[PDB]
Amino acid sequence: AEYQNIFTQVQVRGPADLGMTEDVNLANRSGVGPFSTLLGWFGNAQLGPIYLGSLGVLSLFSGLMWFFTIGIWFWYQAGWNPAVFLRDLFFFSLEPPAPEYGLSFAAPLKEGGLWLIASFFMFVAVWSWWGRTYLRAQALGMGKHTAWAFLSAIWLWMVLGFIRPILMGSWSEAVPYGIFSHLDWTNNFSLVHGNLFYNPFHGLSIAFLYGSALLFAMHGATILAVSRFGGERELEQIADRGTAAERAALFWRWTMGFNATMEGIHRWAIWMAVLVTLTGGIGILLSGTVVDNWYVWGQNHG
C-alpha cells in the first residue's frame, strides 16, 4: 500500500535540542530528559528540557497541593483502607460548603472548609500557570495567542467554581471534586435549570465543539495529504507559498467552493476552539443569575 504518514518509518536522532535562546533566562531550563522511541513513532522522541522559574514552581506546587488535598480527604472517606480506596475511587467526593455558610470561609473542615482550601490552591495553580504561558511567549519574542486562548478556557472554569458561585450567593453552587460526583453535578445542573438544551449559548458551545472536531479533522488530514510537498512546515509555507499550500487550498475550493490560507486556517482553528468555552461560560454564568429555566425563557425570548 501507499505510506500514509500516520506512523514514522525511520526515526532519526541527533544531539538533544536545547532550544532557541532569545531573551529566555537559561538558568531556569533543565537538562534534557530521556528519549522516547515510543513517542517517536507519532511525534518527537525528545522529552525536555523544561523551564521552571519562580512562577513555575508556585504553580507546580499549588496544583499538587490541590490534588493532594483531595486525595487525603479521599483516603479518609476510604477509611485509610487501600483496597477500599481503589474500589470506591470514582465514588469519593470533596463537596463544597452547604448553602447555610453562604460565601463565608467559616465552614468546618469536614464540612467543605477542605474544599475551599483545595480550591484556593487550584486558583493559584491555574492563574500562575496562565501567566507562565504569557511569560514563556514574551521571552521567545512570540505572540500571546496561547495565553489569550488559555484565557477562554479559564473563563468557563472561572465561571463554574468562582464567579457564578459569588453571584448566586454561596459556594454550594460550585462543582465538587470527584469523578462521578462532578458528573452528577453536571447533570443535576441541567435539570435544575430547565434543560440546558434550551440554553442558546449551550447549543452554540456544542456547535463549536463538534466543529472543533470537524475542523481539526479536515485540517489534520489536509496537512498529511499534502505532507508529500512539505506541508507540515507551515511557517515557511506562510512566508513562501508552496505547491503543498496550493493544492491544500484547492482541494477545498474545488470541494466546497472556497478555502483558506496556510496562515488563515489557523485563525479559523484558534477561534473554532476558543468559542467553545467562551460561549460555554456565558451560558453557565447566565443560568440561575438571570435565566431561571431555559425552557421557559425560550418560550418568550425564542
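Heads up: residue numbers just count along the shown sequence, starting at 1.
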When the C-alpha temperature factors are averaged for each of 50-58 and 263-271, which stretch ends up with the higher value in the entry? 50-58
Out of 225-233 and 155-163, which stretch has the higher average CA B-factor listed in the record? 155-163
Reading the B-factor column for Cα atoms of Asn187, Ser104, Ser205, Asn199, the highest value belongs to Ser104
Of the residues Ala147, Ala217, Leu94, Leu140, the one carrying the largest Cα B-factor as recorded: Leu94
Splitting the chain's C-alpha B-factors into thirds, which one does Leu39 fall into? middle
By the recorded C-alpha temperature factor, relative to the other modelled residues in its chain, which third is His193 in? lowest
Using the B-factor values recorded in the entry, state whether the Cα atom of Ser172 falls in the lowest, middle or highest third among the modelled residues of its chain. highest
What third of its chain's C-alpha B-factors does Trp80 belong to: lowest, middle or highest? highest
By the recorded C-alpha temperature factor, relative to the other modelled residues in its chain, which third is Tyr134 in? middle
